[PDB]
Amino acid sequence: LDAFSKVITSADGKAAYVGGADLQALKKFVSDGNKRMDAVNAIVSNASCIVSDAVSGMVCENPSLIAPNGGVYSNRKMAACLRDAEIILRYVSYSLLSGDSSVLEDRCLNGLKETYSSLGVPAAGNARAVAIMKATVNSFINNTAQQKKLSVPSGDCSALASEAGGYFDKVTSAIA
């Protein structure tokens, strides 16, 4: 995974392109190699739907969050939250691509609770948004969402779905 490590550590916008023998090895060393590509696509191709719906669900279940001075009152804070949702969502998606959560915990989760606490980002709302994304990502990986579908060979992706929920669990634990 040396190609991924390079572009993630450099974080300069240089892309890593994995095809052919490289891609064959990448799918070879993780489990359910091809299905895993379909599960990752299920997430990233819906990144705006998942994020929009979760943050919307967090507010509609607790509108105090968008009352004056609330956690997402005003467009700047609402934008900051939607961005956090996409940030967290994409670190989850790189974990499902790579088969481990190390980049998620090291580069995304390490010290995120203390940051949120000093900023006053309410931990309950955060966990609820993460929770909705987890449920939403679960439906898309299983291709059981109500409206947007994905066409792939029929089969069972419960293991990748569980592994995805596991990465979301790490977010939840870190956000307490």
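Heads up: residue numbers just count along the shown sequence, starting at 1.
Mean C-alpha B-factor is higher over 106-114 than over the other stretch, the pair under comparison being 47-55 and 106-114. Stretch comparison (6-14 versus 163-171) by mean CA B-factor in the PDB entry places 6-14 on top. Among all modelled residues in its chain, residue 153 ranks in the middle third by Cα B-factor.
In the deposited entry, the Cα temperature factor of residue 32 sits in the top third of values across the chain's modelled residues. When the modelled residues of the chain are ordered by C-alpha B-factor, residue 127 sits in the highest third. When the CA B factors of the chain's modelled residues are split into thirds, the value for residue 119 lands in the middle one. Annotation for residue 21: C-alpha temperature factor in the middle third relative to the rest of the modelled chain, per the entry.
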